[PDB]
Amino acid sequence: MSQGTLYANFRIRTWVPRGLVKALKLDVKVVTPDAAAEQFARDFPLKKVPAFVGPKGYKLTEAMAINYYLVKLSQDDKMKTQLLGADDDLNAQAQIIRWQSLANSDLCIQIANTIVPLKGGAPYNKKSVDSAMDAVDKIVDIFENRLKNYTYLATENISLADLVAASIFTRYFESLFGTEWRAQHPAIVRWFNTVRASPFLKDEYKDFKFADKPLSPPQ
């Protein structure tokens, strides 16, 4: 466990970091707060996750940050260049960050304006939720349009972008993207499955419920 410890439970924001450790074979210890909170609190008094701790007492939080950090810890140059793009390949690095952003922002935003409300986890509002969905459809189209002539989002390899964007899409495929949806958004589906299958996410998508019943309003 020389390379550090990654305090992470099983929340979507933890999936990639966890997968990264496995797939990149990082010498990083993965633990859940419950598995050792006497240490989690001492290292992260804010008891927030994902939380990473490397030697010399380095601390770091926020998924994105940890994801990037972990990737760089890897010694597999080909992998690093594949996930974040080559140093001499700026065009790619940027593009990866582009989608890395559309997903992490543009699409992930609406979850708290749709999934949360519908799943009855916050005050429901037809006018609102229905307006949030429109946002979702706007982003969803950005994706589909690209996935239609391209295998992956920012390159011709699964990149850190695809990984993250895949994790975000998850909750949507469980509460909002049903049969009729998947029928009109093939590319997204195609792409989604290929990304889940990877060693990066495979173990996180064990029992995955592909909803076919777009959660309807309260009651």
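According to its header, this structure was worked out by X-ray crystallography, 3.0 Å.
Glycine is no exception: its Cβ is also placed from the backbone N, Cα and C atoms.
The domain 'GST N-terminal' annotation in Swiss-Prot covers 2-78. Look at Swiss-Prot and you will find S2 tagged as N-acetylserine, backed by a large-scale study or a structure entry. Annotated phosphothreonine per Swiss-Prot: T32, in sequence order. Annotation source Swiss-Prot lists domain 'GST C-terminal' at 89-215.
Helix first, then strand, then coil: DSSP counts for the domain 'GST C-terminal' (89-215) stand at 86 helix, 0 strand, 41 coil. Between the C-alpha atoms of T32 (phosphothreonine) and the residue listed as 'N-acetylserine', the distance comes to 18 Å. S2 (N-acetylserine) counts 8 other C-beta atoms within 10 Å of its own C-beta, drawing on all protein chains shown.
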